[PDB]
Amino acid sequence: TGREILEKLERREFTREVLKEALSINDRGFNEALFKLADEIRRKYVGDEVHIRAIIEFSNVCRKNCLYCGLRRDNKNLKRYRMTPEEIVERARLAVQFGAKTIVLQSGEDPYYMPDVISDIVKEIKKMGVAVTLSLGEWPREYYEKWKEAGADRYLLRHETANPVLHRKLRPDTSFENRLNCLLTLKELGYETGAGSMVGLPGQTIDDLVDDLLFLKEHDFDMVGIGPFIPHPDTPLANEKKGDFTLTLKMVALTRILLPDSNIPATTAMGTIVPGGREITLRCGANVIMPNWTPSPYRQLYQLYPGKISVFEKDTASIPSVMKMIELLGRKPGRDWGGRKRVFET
C-alpha cells in the first residue's frame, strides 16, 4: 500500500524494497503524496530561496562519443564552436551584472582549454565575488587540482547511470569506475560535488533507478542533477523512447527525501519534455534553477538533446525569466552563493 511506503519514507526507512515500491506504484494519490512530502522536506531543510546558476556553454567540441549525446564526436551534422577566454569572462561579468551569484562553465570535453585556459578564466571570474562551478567532464586529477587552486568552488559530473554494464555501453570511451573515481577525487580536493543521472535510458530498469538513488545516498553529494533522457536524431539512440516525466519527477522527489539538505536543480531537460516542467519540479523537491547564459550565435549550437529550451529569446532573457518564475511560484531568489548548508542529523 502506498500509505505504508509513505510512512516508511517519512520515518526514513530507506531500504531498497521501499525505494523500488515507491518507483513501482503508479497511483495518482500515492504520487501526489510523494511530491507533497518532497516539497515539504525541501521547504523545511533548504527553505524558499531558489538559487540561480547562470550557465555558459562555452564550447561544443568533444573528444568522447557517448551514445546519447548530440555533441558526440561522431556527429558531423553540427557546427562546432569555441568561445574565446575574453568572451567567456565578459559574458560571466554580464551575468554577475544581472544578479547571478554562481557562474557555471560547461563544455564538451574540449582539449583546447585544458587545463591552463580554464584556470585563467576561473581566476578572472572569481575576482567578481561569485561562486564558480565547472562542468567539463573527466580529466586528470592534476587538472582538477589546478582548477581548485585557481578558485573553482564546485564541479558537476553526473554519474549518468550506476549500472556499470549499461554505463560502459553508453559511454564507450570510459567506465563507471572512472566516473566514480573522478567524483571521489573532486570531493577529496574540496569541491562541492554534483552527481546525478538520466532517467529512461535505453535498457535502464526500475532496479537501476533504485541503484542510482542508493548511490546518491551513499556518497552524500552536494548537488544532484536529474533529468530525462531525450533522444537526439544525430545519435545511435535516435529511435529510442524518451524518458518519462513523471518517473523522472519521482526520482527528484526521492532524491530530496534521501538527501534533504542537498541542492537539486529543476533541469532544463524537465522543461523540454513538458511545458512548465521546471516549475513543477521546483514544487516537488528542487531548489535550484540554471538559466542558459550562452550568447548567440553559439547558444543554438549546444544541442545535447533537441528542443532544448530557451533559444529564440534574446540571450539576456533567461535570468529575468527565472526571477519572474521564482516570484510567481511564491519563492525567493538566493541571497548568497547558495552553497550547501548541511543539517547534521541522526
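In case it trips you up, residue 1 is the first one in the sequence shown, and so on.
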**Q.** Stretch with the higher entry mean CA B-factor, where the candidates are 13-21 and 334-342
**A.** 13-21
**Q.** Mean temperature factor over C-alpha atoms, higher-scoring stretch between 277-285 and 61-69
**A.** 61-69
Q | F35, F312, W293, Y45, ranked by C-alpha B-factor: the highest one | A | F312
Q: Would you mind checking which of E160, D110, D153, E177 has the top Cα temperature factor in the PDB entry?
A: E177
Q. Based on the entry's values, in what third of the chain does the Cα temperature factor of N31 lie: lowest, middle or highest?
A. middle
Q. In terms of the CA temperature factor given in the entry, to which third of its chain does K127 belong: lowest, middle or highest?
A. lowest
(Q) Among the modelled residues of this chain, does the Cα B factor of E138 put it in the lowest, middle or highest third? (A) lowest
Q: Could you look up the Cα B-factor of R80 in the entry and say which third of the chain it sits in: lowest, middle or highest?
A: middle
Q: Tell me, lowest, middle or highest third: where does the Cα B factor of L184 rank within its chain?
A: highest
